[PDB]
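**Q** This is the content of coords-v5.txt (compact mmCIF, N, CA and C atoms and all ligand atoms):
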# COMPACT_ATOMS: atom_id res chain seq x y z
N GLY L 1 -7.14 -55.71 68.13
CA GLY L 1 -7.40 -56.61 69.29
C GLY L 1 -6.51 -57.85 69.27
N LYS L 2 -6.79 -58.80 70.16
CA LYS L 2 -6.01 -60.07 70.32
C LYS L 2 -6.12 -60.90 69.04
N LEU L 3 -7.34 -61.08 68.53
CA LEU L 3 -7.64 -61.92 67.33
C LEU L 3 -6.90 -61.35 66.11
N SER L 4 -6.98 -60.03 65.89
CA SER L 4 -6.25 -59.32 64.81
C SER L 4 -4.75 -59.60 64.94
N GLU L 5 -4.20 -59.41 66.15
CA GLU L 5 -2.76 -59.61 66.47
C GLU L 5 -2.36 -61.07 66.20
N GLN L 6 -3.16 -62.02 66.67
CA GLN L 6 -2.88 -63.47 66.46
C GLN L 6 -2.95 -63.78 64.96
N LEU L 7 -3.89 -63.17 64.23
CA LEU L 7 -4.01 -63.40 62.77
C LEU L 7 -2.81 -62.79 62.02
N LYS L 8 -2.23 -61.70 62.53
CA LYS L 8 -0.98 -61.11 61.96
C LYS L 8 0.17 -62.11 62.13
N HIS L 9 0.28 -62.76 63.29
CA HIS L 9 1.30 -63.82 63.53
C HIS L 9 1.07 -64.95 62.52
N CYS L 10 -0.18 -65.36 62.33
CA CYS L 10 -0.56 -66.39 61.33
C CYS L 10 -0.13 -65.94 59.93
N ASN L 11 -0.40 -64.69 59.56
CA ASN L 11 -0.02 -64.17 58.23
C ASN L 11 1.51 -64.20 58.09
N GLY L 12 2.25 -63.88 59.16
CA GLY L 12 3.72 -63.96 59.17
C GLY L 12 4.19 -65.38 58.87
N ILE L 13 3.61 -66.35 59.57
CA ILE L 13 3.91 -67.80 59.36
C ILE L 13 3.63 -68.15 57.90
N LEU L 14 2.46 -67.76 57.38
CA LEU L 14 2.05 -68.09 55.99
C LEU L 14 3.10 -67.55 55.01
N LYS L 15 3.51 -66.29 55.18
CA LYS L 15 4.55 -65.64 54.33
C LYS L 15 5.84 -66.47 54.40
N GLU L 16 6.23 -66.92 55.59
CA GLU L 16 7.46 -67.75 55.76
C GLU L 16 7.29 -69.08 55.02
N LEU L 17 6.14 -69.75 55.16
CA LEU L 17 5.92 -71.08 54.51
C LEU L 17 6.03 -70.94 52.99
N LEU L 18 5.68 -69.77 52.44
CA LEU L 18 5.69 -69.49 50.98
C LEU L 18 7.03 -68.89 50.54
N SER L 19 7.97 -68.65 51.47
CA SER L 19 9.24 -67.92 51.20
C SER L 19 10.28 -68.87 50.58
N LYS L 20 11.28 -68.31 49.90
CA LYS L 20 12.33 -69.11 49.21
C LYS L 20 13.12 -69.94 50.23
N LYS L 21 13.20 -69.49 51.48
CA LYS L 21 13.86 -70.19 52.61
C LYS L 21 13.44 -71.67 52.66
N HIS L 22 12.16 -71.96 52.41
CA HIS L 22 11.56 -73.31 52.61
C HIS L 22 11.11 -73.93 51.28
N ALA L 23 11.43 -73.31 50.14
CA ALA L 23 10.91 -73.70 48.81
C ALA L 23 11.31 -75.14 48.46
N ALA L 24 12.46 -75.63 48.93
CA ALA L 24 12.98 -76.96 48.55
C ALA L 24 12.02 -78.07 49.02
N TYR L 25 11.25 -77.84 50.09
CA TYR L 25 10.28 -78.84 50.63
C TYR L 25 8.85 -78.28 50.67
N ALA L 26 8.63 -76.98 50.47
CA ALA L 26 7.27 -76.38 50.54
C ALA L 26 6.53 -76.53 49.20
N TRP L 27 7.25 -76.70 48.09
CA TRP L 27 6.68 -76.50 46.73
C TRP L 27 5.51 -77.43 46.44
N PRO L 28 5.44 -78.70 46.93
CA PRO L 28 4.27 -79.54 46.65
C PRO L 28 2.96 -78.98 47.23
N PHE L 29 3.06 -78.07 48.20
CA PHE L 29 1.92 -77.53 48.99
C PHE L 29 1.50 -76.14 48.48
N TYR L 30 2.14 -75.63 47.43
CA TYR L 30 1.91 -74.25 46.95
C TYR L 30 0.52 -74.11 46.32
N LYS L 31 0.07 -75.13 45.59
CA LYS L 31 -1.21 -75.11 44.83
C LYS L 31 -1.98 -76.39 45.12
N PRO L 32 -3.31 -76.43 44.87
CA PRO L 32 -4.10 -77.63 45.09
C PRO L 32 -3.46 -78.83 44.38
N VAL L 33 -3.45 -79.98 45.04
CA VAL L 33 -2.99 -81.26 44.42
C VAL L 33 -3.75 -81.42 43.11
N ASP L 34 -3.02 -81.54 42.00
CA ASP L 34 -3.62 -81.81 40.67
C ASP L 34 -3.65 -83.33 40.49
N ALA L 35 -4.71 -83.96 41.00
CA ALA L 35 -4.87 -85.43 41.06
C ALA L 35 -4.77 -86.02 39.64
N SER L 36 -5.49 -85.42 38.69
CA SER L 36 -5.53 -85.86 37.27
C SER L 36 -4.13 -85.78 36.65
N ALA L 37 -3.42 -84.65 36.85
CA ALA L 37 -2.06 -84.42 36.30
C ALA L 37 -1.06 -85.43 36.87
N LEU L 38 -1.19 -85.82 38.15
CA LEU L 38 -0.24 -86.72 38.85
C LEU L 38 -0.68 -88.19 38.71
N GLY L 39 -1.83 -88.44 38.08
CA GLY L 39 -2.39 -89.79 37.86
C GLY L 39 -2.94 -90.41 39.14
N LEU L 40 -3.32 -89.58 40.12
CA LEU L 40 -3.83 -90.03 41.44
C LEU L 40 -5.36 -90.10 41.37
N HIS L 41 -5.90 -91.08 40.65
CA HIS L 41 -7.35 -91.14 40.29
C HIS L 41 -8.20 -91.56 41.49
N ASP L 42 -7.56 -91.88 42.63
CA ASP L 42 -8.24 -92.22 43.91
C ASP L 42 -8.12 -91.06 44.91
N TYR L 43 -7.40 -89.99 44.58
CA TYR L 43 -7.09 -88.89 45.54
C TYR L 43 -8.38 -88.34 46.17
N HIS L 44 -9.38 -87.98 45.36
CA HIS L 44 -10.61 -87.29 45.83
C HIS L 44 -11.63 -88.28 46.42
N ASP L 45 -11.36 -89.59 46.32
CA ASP L 45 -12.12 -90.64 47.04
C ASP L 45 -11.58 -90.76 48.47
N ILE L 46 -10.28 -90.50 48.65
CA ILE L 46 -9.57 -90.70 49.95
C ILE L 46 -9.54 -89.37 50.72
N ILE L 47 -9.32 -88.25 50.03
CA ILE L 47 -9.20 -86.89 50.62
C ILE L 47 -10.49 -86.13 50.34
N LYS L 48 -11.32 -85.94 51.37
CA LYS L 48 -12.66 -85.32 51.26
C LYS L 48 -12.55 -83.79 51.28
N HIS L 49 -11.51 -83.25 51.92
CA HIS L 49 -11.32 -81.79 52.11
C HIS L 49 -9.90 -81.41 51.72
N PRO L 50 -9.61 -81.27 50.40
CA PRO L 50 -8.28 -80.85 49.96
C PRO L 50 -7.93 -79.47 50.54
N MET L 51 -6.64 -79.25 50.80
CA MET L 51 -6.17 -77.94 51.30
C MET L 51 -4.73 -77.75 50.83
N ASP L 52 -4.33 -76.50 50.62
CA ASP L 52 -2.99 -76.13 50.11
C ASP L 52 -2.74 -74.67 50.49
N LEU L 53 -1.50 -74.21 50.34
CA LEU L 53 -1.10 -72.88 50.84
C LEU L 53 -1.74 -71.76 50.00
N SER L 54 -2.01 -71.97 48.71
CA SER L 54 -2.66 -70.92 47.88
C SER L 54 -4.08 -70.70 48.41
N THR L 55 -4.76 -71.76 48.84
CA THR L 55 -6.14 -71.68 49.40
C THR L 55 -6.08 -70.98 50.76
N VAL L 56 -5.09 -71.31 51.59
CA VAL L 56 -4.92 -70.65 52.92
C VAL L 56 -4.68 -69.15 52.67
N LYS L 57 -3.85 -68.81 51.68
CA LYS L 57 -3.50 -67.40 51.36
C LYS L 57 -4.76 -66.65 50.93
N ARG L 58 -5.56 -67.25 50.03
CA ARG L 58 -6.83 -66.64 49.55
C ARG L 58 -7.75 -66.41 50.75
N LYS L 59 -7.89 -67.40 51.63
CA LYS L 59 -8.79 -67.29 52.81
C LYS L 59 -8.28 -66.20 53.75
N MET L 60 -6.96 -66.09 53.94
CA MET L 60 -6.37 -65.01 54.79
C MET L 60 -6.65 -63.65 54.15
N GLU L 61 -6.42 -63.50 52.84
CA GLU L 61 -6.60 -62.22 52.11
C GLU L 61 -8.08 -61.79 52.14
N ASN L 62 -9.01 -62.75 52.10
CA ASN L 62 -10.48 -62.51 52.08
C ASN L 62 -11.04 -62.34 53.50
N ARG L 63 -10.17 -62.35 54.52
CA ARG L 63 -10.54 -62.27 55.96
C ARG L 63 -11.53 -63.39 56.30
N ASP L 64 -11.33 -64.57 55.72
CA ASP L 64 -12.17 -65.77 55.97
C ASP L 64 -11.91 -66.26 57.40
N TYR L 65 -10.64 -66.35 57.81
CA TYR L 65 -10.25 -66.85 59.16
C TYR L 65 -10.63 -65.82 60.22
N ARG L 66 -11.41 -66.25 61.21
CA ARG L 66 -11.87 -65.36 62.31
C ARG L 66 -10.88 -65.43 63.47
N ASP L 67 -10.03 -66.46 63.54
CA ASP L 67 -9.01 -66.59 64.61
C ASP L 67 -7.87 -67.51 64.16
N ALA L 68 -6.81 -67.55 64.96
CA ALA L 68 -5.58 -68.33 64.69
C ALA L 68 -5.91 -69.83 64.60
N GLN L 69 -6.81 -70.31 65.46
CA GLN L 69 -7.20 -71.74 65.54
C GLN L 69 -7.76 -72.18 64.17
N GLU L 70 -8.57 -71.33 63.53
CA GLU L 70 -9.22 -71.66 62.24
C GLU L 70 -8.15 -71.75 61.15
N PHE L 71 -7.20 -70.81 61.14
CA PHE L 71 -6.04 -70.81 60.22
C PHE L 71 -5.23 -72.10 60.44
N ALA L 72 -4.87 -72.41 61.68
CA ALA L 72 -4.05 -73.58 62.04
C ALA L 72 -4.74 -74.87 61.58
N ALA L 73 -6.07 -74.95 61.72
CA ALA L 73 -6.85 -76.14 61.32
C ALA L 73 -6.65 -76.42 59.83
N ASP L 74 -6.66 -75.38 58.98
CA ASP L 74 -6.45 -75.54 57.52
C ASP L 74 -5.01 -75.97 57.24
N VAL L 75 -4.01 -75.36 57.88
CA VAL L 75 -2.59 -75.73 57.63
C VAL L 75 -2.40 -77.20 58.03
N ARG L 76 -2.96 -77.61 59.16
CA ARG L 76 -2.80 -79.01 59.65
C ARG L 76 -3.60 -79.97 58.77
N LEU L 77 -4.78 -79.57 58.29
CA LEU L 77 -5.58 -80.37 57.32
C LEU L 77 -4.71 -80.68 56.10
N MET L 78 -4.00 -79.68 55.60
CA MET L 78 -3.10 -79.81 54.43
C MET L 78 -2.07 -80.92 54.70
N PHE L 79 -1.42 -80.91 55.87
CA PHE L 79 -0.41 -81.94 56.24
C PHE L 79 -1.10 -83.30 56.42
N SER L 80 -2.21 -83.33 57.16
CA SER L 80 -2.99 -84.56 57.44
C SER L 80 -3.37 -85.26 56.13
N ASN L 81 -3.82 -84.50 55.12
CA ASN L 81 -4.20 -85.07 53.80
C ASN L 81 -2.99 -85.79 53.21
N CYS L 82 -1.82 -85.17 53.28
CA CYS L 82 -0.55 -85.74 52.77
C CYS L 82 -0.26 -87.07 53.49
N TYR L 83 -0.37 -87.09 54.82
CA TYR L 83 -0.09 -88.27 55.67
C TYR L 83 -1.14 -89.37 55.47
N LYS L 84 -2.37 -88.99 55.12
CA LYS L 84 -3.48 -89.96 54.90
C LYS L 84 -3.29 -90.66 53.55
N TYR L 85 -2.99 -89.90 52.50
CA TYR L 85 -2.98 -90.41 51.11
C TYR L 85 -1.70 -91.22 50.82
N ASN L 86 -0.56 -90.74 51.31
CA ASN L 86 0.79 -91.22 50.87
C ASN L 86 1.37 -92.22 51.85
N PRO L 87 2.17 -93.20 51.37
CA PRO L 87 2.95 -94.06 52.26
C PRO L 87 3.91 -93.20 53.08
N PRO L 88 4.16 -93.55 54.35
CA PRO L 88 4.94 -92.69 55.25
C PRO L 88 6.41 -92.47 54.86
N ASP L 89 6.96 -93.29 53.96
CA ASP L 89 8.38 -93.21 53.53
C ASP L 89 8.51 -92.47 52.19
N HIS L 90 7.42 -91.95 51.62
CA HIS L 90 7.44 -91.19 50.34
C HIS L 90 8.11 -89.83 50.55
N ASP L 91 8.81 -89.32 49.54
CA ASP L 91 9.52 -88.01 49.58
C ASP L 91 8.54 -86.89 49.96
N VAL L 92 7.32 -86.89 49.42
CA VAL L 92 6.34 -85.79 49.68
C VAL L 92 6.00 -85.77 51.18
N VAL L 93 5.97 -86.92 51.84
CA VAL L 93 5.70 -87.01 53.31
C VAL L 93 6.89 -86.44 54.09
N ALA L 94 8.12 -86.77 53.69
CA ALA L 94 9.35 -86.21 54.29
C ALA L 94 9.30 -84.68 54.20
N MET L 95 8.83 -84.15 53.07
CA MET L 95 8.75 -82.69 52.82
C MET L 95 7.63 -82.08 53.67
N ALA L 96 6.49 -82.77 53.79
CA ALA L 96 5.37 -82.36 54.67
C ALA L 96 5.86 -82.25 56.12
N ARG L 97 6.58 -83.27 56.61
CA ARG L 97 7.12 -83.33 58.00
C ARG L 97 7.99 -82.09 58.26
N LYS L 98 8.90 -81.79 57.33
CA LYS L 98 9.85 -80.65 57.45
C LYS L 98 9.08 -79.33 57.47
N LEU L 99 8.11 -79.14 56.57
CA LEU L 99 7.33 -77.88 56.55
C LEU L 99 6.44 -77.80 57.80
N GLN L 100 5.90 -78.93 58.28
CA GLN L 100 5.06 -78.91 59.51
C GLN L 100 5.94 -78.55 60.71
N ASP L 101 7.20 -78.99 60.75
CA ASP L 101 8.14 -78.60 61.84
C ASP L 101 8.28 -77.07 61.84
N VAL L 102 8.51 -76.47 60.67
CA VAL L 102 8.60 -74.98 60.53
C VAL L 102 7.32 -74.38 61.10
N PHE L 103 6.17 -74.89 60.67
CA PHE L 103 4.84 -74.37 61.07
C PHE L 103 4.66 -74.47 62.59
N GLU L 104 4.80 -75.68 63.16
CA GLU L 104 4.44 -75.94 64.58
C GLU L 104 5.34 -75.10 65.49
N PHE L 105 6.63 -74.99 65.20
CA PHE L 105 7.57 -74.27 66.10
C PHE L 105 7.23 -72.77 66.08
N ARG L 106 6.88 -72.21 64.92
CA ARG L 106 6.56 -70.76 64.88
C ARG L 106 5.13 -70.52 65.39
N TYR L 107 4.19 -71.42 65.12
CA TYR L 107 2.80 -71.29 65.63
C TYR L 107 2.84 -71.25 67.17
N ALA L 108 3.75 -72.02 67.78
CA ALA L 108 3.91 -72.11 69.25
C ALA L 108 4.34 -70.76 69.83
N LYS L 109 4.94 -69.88 69.02
CA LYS L 109 5.41 -68.53 69.43
C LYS L 109 4.29 -67.49 69.29
N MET L 110 3.03 -67.94 69.18
CA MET L 110 1.81 -67.09 69.11
C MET L 110 1.83 -66.09 70.26
N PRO L 111 1.59 -64.78 70.01
CA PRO L 111 1.45 -63.81 71.10
C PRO L 111 0.14 -64.03 71.87
N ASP L 112 0.18 -63.91 73.20
CA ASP L 112 -0.98 -64.12 74.11
C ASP L 112 -1.73 -62.79 74.28
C1 LIG T 1 0.66 -82.35 48.46
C2 LIG T 1 0.83 -83.79 48.06
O1 LIG T 1 0.76 -84.70 48.88
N1 LIG T 1 1.03 -84.00 46.73
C3 LIG T 1 1.28 -85.30 46.21
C4 LIG T 1 0.48 -86.39 46.50
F1 LIG T 1 -0.64 -86.18 47.22
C5 LIG T 1 0.75 -87.66 46.06
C6 LIG T 1 1.89 -87.87 45.29
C7 LIG T 1 2.26 -89.23 44.80
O2 LIG T 1 2.79 -89.40 43.71
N2 LIG T 1 2.05 -90.23 45.67
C8 LIG T 1 2.39 -91.62 45.38
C9 LIG T 1 2.36 -92.46 46.65
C10 LIG T 1 2.61 -93.95 46.37
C11 LIG T 1 1.67 -94.48 45.32
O3 LIG T 1 1.93 -95.85 45.05
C12 LIG T 1 1.79 -93.66 44.06
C13 LIG T 1 1.45 -92.20 44.33
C14 LIG T 1 2.74 -86.81 45.00
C15 LIG T 1 2.44 -85.54 45.45
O4 LIG T 1 3.22 -84.43 45.19
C16 LIG T 1 4.07 -84.47 44.02
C17 LIG T 1 4.05 -83.07 43.45
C18 LIG T 1 5.44 -84.93 44.45
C19 LIG T 1 6.13 -85.97 43.75
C20 LIG T 1 7.38 -86.38 44.17
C21 LIG T 1 7.97 -85.79 45.27
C22 LIG T 1 7.32 -84.80 45.96
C23 LIG T 1 6.06 -84.36 45.56
Translate this structure into structure tokens?

**A**
Amino acid sequence: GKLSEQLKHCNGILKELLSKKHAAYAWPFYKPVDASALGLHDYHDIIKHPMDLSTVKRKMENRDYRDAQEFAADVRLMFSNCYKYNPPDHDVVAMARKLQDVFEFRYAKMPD
């Protein structure tokens, strides 16, 4: 159906975001932010709903997402967390912006 087809487009986007093509700026988003490892002892006080591409991949594989909108909400939550926690001129924010550009332009090519 339409939902299955739209979720296949989402899975295609997810595969691209995890691909070597985008690795130079995607890598901070591959796994959950390790707040303790990075010394970010305020991270989980500021970010109430952590999200990352490994979590999106697990949710896609487990058929957690019922539609494209639900998938997109998690990918955008991941970027929003980065923009909320970090100063806007930090390298990780520049990398978030670049990966979100990849995401938004391909998400816009969703089949109707
Ligand atoms: C997905 C994400 O956003 N991760 C992530 C993060 F939440 C915060 C910081 C970080 O160090 N923020 C600083 C902002 C200014 C404060 O005064 C000191 C903390 C770094 C992060 O990624 C590491 C791997 C990174 C490190 C360097 C370049 C790219 C990614």

**Q** Step by step, measure atom-to-atom distances between ligand LIG 1 (chain T) and each residue using only N, CA and C atoms and all ligand atoms, keep those at most 5 Å, then write them as a PyMOL selection string.

**A** chain L and resi 28-29+82+86-87+91-92

**Q** Hey, can you check how far atom CA of residue L:2 sits from atom CA of residue L:80?

**A**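 Straight-line distance from atom CA of residue L:2 to atom CA of residue L:80 works out to 27.8 Å.
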
**Q** One decimal, in Å: what's the spacing between atom CA of residue L:49 and atom CA of residue L:62?

**A**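 Interatomic distance here is 19.3 Å.
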
**Q** Wanna dump the stretch 4-47 of chain L-stretch 93-109 of chain L contacts at 7 Å for me, each residue with its shortest atom pair and the distance in Å to one decimal, counting only N, CA and C atoms, ordered by chain and number, as a tab-separated table?

**A**
residue	atom	partner	partner_atom	distance
L:13	CA	L:106	C	6.7
L:24	C	L:95	CA	6.8
L:25	CA	L:95	CA	4.7
L:26	N	L:95	C	6.1

**Q** Give me, as an NGL selection string, the residues of chain L that a backbone DSSP run labels helix (DSSP H, G or I).

**A** :L and (2-17 or 20-29 or 35-38 or 43-46 or 53-61 or 68-85 or 91-107)

**Q** Within 8 Å of residue L:55, counting only N, CA and C atoms, which residues qualify if same-chain residues fewer than 3 places away don't, as a list in words?

**A**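 Returned residues: residues 29, 30, 31, 32, 51, 52, 58, 59, 60 and 61 of chain L.
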
**Q** Generate the output file for the selected residues, N, CA and C atoms, as a short mmCIF file (atom, residue, chain, number, x, y, z; two decimals), in the frame of the given file.

**A**
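To be explicit, this is the file written out as out.cif:
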data_model
loop_
_atom_site.label_atom_id
_atom_site.label_comp_id
_atom_site.auth_asym_id
_atom_site.auth_seq_id
_atom_site.Cartn_x
_atom_site.Cartn_y
_atom_site.Cartn_z
N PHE L 29 3.06 -78.07 48.20
CA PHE L 29 1.92 -77.53 48.99
C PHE L 29 1.50 -76.14 48.48
N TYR L 30 2.14 -75.63 47.43
CA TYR L 30 1.91 -74.25 46.95
C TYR L 30 0.52 -74.11 46.32
N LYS L 31 0.07 -75.13 45.59
CA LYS L 31 -1.21 -75.11 44.83
C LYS L 31 -1.98 -76.39 45.12
N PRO L 32 -3.31 -76.43 44.87
CA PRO L 32 -4.10 -77.63 45.09
C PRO L 32 -3.46 -78.83 44.38
N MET L 51 -6.64 -79.25 50.80
CA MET L 51 -6.17 -77.94 51.30
C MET L 51 -4.73 -77.75 50.83
N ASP L 52 -4.33 -76.50 50.62
CA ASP L 52 -2.99 -76.13 50.11
C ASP L 52 -2.74 -74.67 50.49
N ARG L 58 -5.56 -67.25 50.03
CA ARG L 58 -6.83 -66.64 49.55
C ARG L 58 -7.75 -66.41 50.75
N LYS L 59 -7.89 -67.40 51.63
CA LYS L 59 -8.79 -67.29 52.81
C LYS L 59 -8.28 -66.20 53.75
N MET L 60 -6.96 -66.09 53.94
CA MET L 60 -6.37 -65.01 54.79
C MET L 60 -6.65 -63.65 54.15
N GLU L 61 -6.42 -63.50 52.84
CA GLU L 61 -6.60 -62.22 52.11
C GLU L 61 -8.08 -61.79 52.14
#

**Q** Just give me the gap between atom N of residue L:57 and atom CA of residue L:10 in Å, one decimal is fine.

**A**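 Going from atom N of residue L:57 over to atom CA of residue L:10 covers 10.5 Å.
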
**Q** Do a neighbour search on residue L:74 at 7 Å with only C-alpha atoms, toss out local chain neighbours closer than 3 positions, and write the hits as a ChimeraX atom specification.

**A** /L:51,56,70-71,77-78

**Q** Between L:16, L:66, L:72, L:79, which residue has the minimum interatomic distance to residue L:3, considering only C-alpha atoms?

**A**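 Going through L:16, L:66, L:72, L:79 one by one, the smallest distance to residue L:3 is for L:66.
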
**Q** Here is a test: counting all atoms listed in the file, which residue of L:6, L:76, L:39, L:23 is nearest to residue L:112?

**A** L:6

**Q** L:27, L:85, L:73, L:64: which is nearest residue L:42, counting only C-alpha atoms?

**A** L:85
